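Engineer: following this: a sequence and the matching experimental structure.
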Amino acid sequence: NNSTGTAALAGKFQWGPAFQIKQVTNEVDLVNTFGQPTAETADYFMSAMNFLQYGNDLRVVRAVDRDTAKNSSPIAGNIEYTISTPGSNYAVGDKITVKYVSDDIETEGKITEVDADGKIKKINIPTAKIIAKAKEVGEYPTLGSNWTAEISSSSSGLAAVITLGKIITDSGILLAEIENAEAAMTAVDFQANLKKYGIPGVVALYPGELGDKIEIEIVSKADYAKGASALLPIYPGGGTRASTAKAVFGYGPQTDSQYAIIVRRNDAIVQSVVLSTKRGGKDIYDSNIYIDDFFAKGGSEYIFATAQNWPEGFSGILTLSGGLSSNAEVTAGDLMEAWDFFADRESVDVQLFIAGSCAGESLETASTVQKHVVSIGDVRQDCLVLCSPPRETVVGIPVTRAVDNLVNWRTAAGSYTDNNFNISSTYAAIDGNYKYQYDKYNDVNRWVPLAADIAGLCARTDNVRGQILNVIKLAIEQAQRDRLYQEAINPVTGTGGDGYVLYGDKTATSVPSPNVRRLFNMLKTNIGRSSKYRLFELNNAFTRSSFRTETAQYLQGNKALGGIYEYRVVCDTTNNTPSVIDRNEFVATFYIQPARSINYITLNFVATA
């Protein structure tokens, strides 16, 4: 696609998917998905955004702390409680009252499940009023001490003891990959509370406080006819609110195990569907509308649910809260776990690597992450890991100190002996100051890693250096320049106004000094893909031809278009075995010369056992 400028980016975002290679094409399409730049997200949003300016496709992976990220959920408003002593002879809508020091706060609680003897099995206390009072007096969500719960005075029956804990702030669920999808939705601990507080397993799809804005409305085939009158209750807050189901749906809930779901964010009816808790069941189109499956297959952009422990005939308003994406503390490693999603050509065809995106992070991590990212392109050698310097080193100080710093860092030397970037890959392109952009979102001028940009600037020019788009200032703008070149660092210089790329790129190594790389990288990548063909047929002398003819046609095309010159089909093609009667499997070895360079480079790719 000009050689398939597929970028690759991993970093912290305001919105999941977490640890998923979700692809992104638009700006307004990444905002939709990982959206606004927080002061902890900025350099990654930008990283993407100001790349999609030269960008076709970008593959991203959100780094979440797996230990403390949270998807908003319906659990996360309720209130700890343990039926210390089941009464006897109680019944079901016997009301419960929560007092603050012999003073009534909430009086709409109510026993909700007894057995044959009236033994209290389950209750439901609304927390709207109490968390209020509690916030109001420093006892949030601690609670416990002066907080007490008594029964109606009285229900038919006696003997009971309900004991109040704290306001649950742990949503109790985190969705990352889909291999684990509903397996987290079906964890004893999670599924436990879905029973305890008598609600369905419906959670926000992506870790993040942004999920708190979602509000599911559920109506069953039961309260659907009364769809207008039916006064849906609101969990866990409390109070009720006239249903809307029949006033939004034509095709109503069919079987008794089908439910109307209406998802809202900001009063907006973001999604409207009807699903069933019984496997097999379909709509009038034989579309499997069994909950677990529906969502199991990109069914919904917003939420995720599970038929498990879904209360029968449940109808009500679910209030998602406790949602919590924490970039707060995403450890450096938590980033490397993410990046790893790209470290195998078997799996993801990604041409470029946006890495400087960590420029801002803890100096340490600034270095050690990138350093590692290089060690992914290295071991795979189908890419370009392009990388940029740490803000510390380049933005604040004047150029005098500036360069000293950069060179120390590229070796060890002075201050950055420890957090050095002292590596040397022909795939390593480092990145040479740091850009000063404007942030249309927060509406502020901001420093961002320049690497993110040049990478898109590659998806462009040739296959995968011409002024950059939205810069408004660069950290720096002859001896040093020559020094930076040779160092194989990409500089930006400003002359007479307007800054331009000094040199074409790469942190090159043992190869001739020579754009030339992209030609070769592209050819090698394309040649290997043709390997699928090998499985198709057997290997013979003829197979030498055919494969040879196919690749040759590709190579010749490159020459005709221009890009490769002096390509001799005769002795620039493949024969794995030595020229002899004997032969072996074919490896594609080619000697190709980029148009502007009087040198032929030998590349060998092998398809063999």
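Structural biologist: That came through, no problem. Numbering: from 1, shown residues only.
Engineer: which element is the residue nearest to residue 73 when sequence neighbours are not counted on?
Structural biologist: Counting by Cβ to Cβ, 6 or more residues apart in numbering, the nearest residue to residue 73 once its immediate chain neighbours are dropped is residue 171, at 3.8 Å. For the C-beta atoms, the positions are set from N, CA and C on the backbone; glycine is no exception. Under the assignment given by DSSP states H and E, residue 171 is not contained in any helix or strand.
Engineer: do residue 379 as well
Structural biologist: Secondary structure here is read from DSSP H and E; on that basis residue 379 sits in helix 363-380.
Engineer: and the helix or strand following that helix, how far from the chain's centre?
Structural biologist: Per DSSP H and E, helix 363-380 leads on to strand 385-386 as the next helix or strand towards the C-terminus. Relative to the centre of its chain, strand 385-386 is centred 20 Å away, using Cα atoms, centre = their mean, to the nearest Å.
Engineer: same question for stretch 453-467.
Structural biologist: With Cα atoms, centre = their mean, you get 25 Å for stretch 453-467.
Engineer: flag every buried residue along it.
Structural biologist: If you call a residue buried by 16 or more other Cβ atoms under 10 Å, then stretch 453-467 has these buried ones: 453-465.
Engineer: which of the residues you listed sit farthest apart?
Structural biologist: Using Cβ to Cβ, the two most remote members of these are 453 and 463, lying 18.1 Å apart.
Engineer: so which helix or strand takes in residue 553?
Structural biologist: Taking DSSP H and E as the definition, one finds residue 553 inside helix 541-561.
Engineer: for that helix, packing partners?
Structural biologist: Applying 3 or more Cβ pairs under 8 Å, 6 or more residues apart in numbering; DSSP states H and E, we find helix 541-561 packed against helix 516-529, helix 532-536, strand 587-592.
Engineer: any chance of JSON lines for those, columns distance to residue 440?
Structural biologist: Supplementary listing: those in JSON lines, determined by distance: least, Cβ to Cβ, whole Å:
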{"stretch": "helix 516-529", "distance to residue 440": "31"}
{"stretch": "helix 532-536", "distance to residue 440": "43"}
{"stretch": "strand 587-592", "distance to residue 440": "44"}
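Engineer: rewinding a little: for the helix holding residue 553, which positions count as buried?
Structural biologist: 543-544, 547-548, 551-552, 555, 558-559.
Engineer: can you convert the residues you listed into TSV and add a column each for distance to residue 94?
Structural biologist: As requested, those are exported to TSV (distance: Cβ to Cβ, whole Å):
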residue	distance to residue 94
543	82
544	86
547	81
548	85
551	81
552	85
555	83
558	82
559	87
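Engineer: closest one to residue 288 out of the residues you listed, please.
Structural biologist: Proximity of the buried residues of helix 541-561 to residue 288 was ranked by Cβ to Cβ; the top entry is residue 547 with 43.6 Å.
Engineer: now do the contacts for the closest one.
Structural biologist: Shown in contact with residue 547 (Cβ atoms under 8 Å, 6 or more residues apart in numbering): 530, 533-534, 574, 586, 588.
Engineer: could you dump the residues you listed to a markdown table with distance to residue 250 and neighbour count?
Structural biologist: Conversion of the contacts of residue 547 to a markdown table gives the following (distance: Cβ to Cβ, whole Å; neighbours: other Cβ atoms under 10 Å):
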| residue | distance to residue 250 | neighbour count |
| --- | --- | --- |
| 530 | 52 | 15 |
| 533 | 51 | 14 |
| 534 | 54 | 15 |
| 574 | 64 | 19 |
| 586 | 61 | 22 |
| 588 | 59 | 21 |
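Engineer: of those, closest to residue 71?
Structural biologist: For the contacts of residue 547, with residue 71 as the reference and Cβ to Cβ as the criterion, the closest is residue 530, at 42.8 Å.
Engineer: hang on, that closest one packs against residue 551?
Structural biologist: Yes: taking Cβ atoms under 8 Å as the contact criterion, residue 530 and residue 551 are neighbours in contact, 6.6 Å apart.
Engineer: tell me the SS of residue 107?
Structural biologist: Secondary structure, DSSP: H, G, I helix; E, B strand; the rest coil: residue 107 is strand.
Engineer: and for it, the neighbour number?
Structural biologist: Look at residue 107: counted by other Cβ atoms under 10 Å, it has 14 neighbours.
Engineer: and for it, nearest residue in space, chain neighbours not counted?
Structural biologist: The shortest distance from residue 107 to any residue that is not its chain neighbour, by Cβ to Cβ, 6+ apart, is 4.8 Å, and that residue is residue 97.
Engineer: now do the helix or strand containing the one you found: everything it contacts.
Structural biologist: Using DSSP H and E, residue 97 sits in strand 95-100. Under the contact criterion Cβ under 8 Å, 6+ apart, strand 95-100 has outside partners 104-111, 123, 125, 130, 133, 137, 146-152, 155, 162, 164.
Engineer: now do the same contact list for residue 237.
Structural biologist: With contacts taken as Cβ under 8 Å, 6+ apart, residue 237 has the following neighbours: 77, 126-128, 319.
Engineer: I meant to write residue 573 there.
Structural biologist: For residue 573, the contact set (Cβ under 8 Å, 6+ apart) comprises 548, 551-552, 590.
Engineer: would it count as being in a strand?
Structural biologist: No: using three-state DSSP, the secondary structure at residue 573 is coil, not a strand.
Engineer: tell me how far it lies from residue 523.
Structural biologist: Taking Cβ to Cβ, to the nearest Å as the measure, residue 573 falls 13 Å from residue 523.
Engineer: overlap of the contact sets of these two?
Structural biologist: residue 590.
Engineer: what about the buried residues of stretch 453-467, which are in helices?
Structural biologist: When helices are assigned by DSSP state H, the members of these inside them are 453-460.
Engineer: looking at these, spot the one nearest residue 605.
Structural biologist: Using Cβ to Cβ, residue 458 comes nearest to residue 605 of these, at 21.8 Å.
Engineer: follow-up on the earlier one: dump the ones in helices among the buried residues of stretch 453-467 into a markdown table; add distance to residue 579 as well.
Structural biologist: Shown next, in a markdown table, are those (distance: Cβ to Cβ, whole Å):
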| residue | distance to residue 579 |
| --- | --- |
| 453 | 48 |
| 454 | 44 |
| 455 | 42 |
| 456 | 45 |
| 457 | 44 |
| 458 | 39 |
| 459 | 40 |
| 460 | 42 |
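Engineer: residues in contact with stretch 591-606?
Structural biologist: Among residues not part of stretch 591-606, those counted as contacts by Cβ under 8 Å, 6+ apart are 511-512, 514-516, 519-520, 523-524, 527-528, 555, 562-567, 571-572, 576, 587-590.
Engineer: among these, which ones are buried?
Structural biologist: When those are checked against 16+ other Cβ under 10 Å, the ones flagged as buried are 515-516, 519-520, 523-524, 527, 555, 563-564, 567, 572, 576, 588-590.
Engineer: show me the two of the residues you listed that sit farthest apart.
Structural biologist: Spatial extent of the buried ones among the contacts of stretch 591-606 (Cβ to Cβ) is set by the pair 515 and 576 at 30.1 Å.
Engineer: nearest residue to residue 431 other than its sequence neighbours?
Structural biologist: residue 388 (3.1 Å).
Engineer: and if you look at residue 70?
Structural biologist: Here the nearest residue to residue 70 in space, its sequence neighbours aside, is residue 324; by Cβ to Cβ, 6+ apart that works out to 3.6 Å.
Engineer: still on that earlier bit, out of the buried ones among the contacts of stretch 591-606, who's nearest residue 303?
Structural biologist: Lowest distance from residue 303 to the buried ones among the contacts of stretch 591-606 (Cβ to Cβ) belongs to residue 524, with 43.9 Å.
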